[PDB]
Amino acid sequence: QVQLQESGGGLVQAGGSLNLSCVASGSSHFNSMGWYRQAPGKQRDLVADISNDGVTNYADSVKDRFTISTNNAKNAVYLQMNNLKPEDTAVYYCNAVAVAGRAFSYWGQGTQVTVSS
């Protein structure tokens, strides 16, 4: 129903930039959103959170390099990634949560990012 669709990954040179995006149905309006990444040999791990009113939170390893943002309707999440490093290589995933007592948590399909050299 929500059907999260990610894009913007691929291969990139170290020092370059990407802009990951994830979009949901127009009738979605999320309480909380975030990007995560699962690196080789590591379990899935936070990259950045953003709330419905625009407050953000970053993993220390990306805070000075990445910017998470949402749109006015709160049904899309964006991750600007600058000065990419080989250790940023991972499958990235976008998460979005709506709440009605119970939390309803949705994930995109996964976005491969490989930083070379």
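Start at 1 with the first residue shown and count on from there.
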Name the third of the chain's ranked CA B-factors that contains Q13, choosing lowest, middle or highest.
-> highest
Thinking about Cα B factors across the chain, which third does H29 belong to?
-> highest
Tell me, lowest, middle or highest third: where does the Cα B factor of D88 rank within its chain?
-> lowest
In terms of its chain's C-alpha B-factors, the third that includes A48 is the lowest
Ranked C-alpha temperature factor of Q80 among modelled chain residues, by third | middle
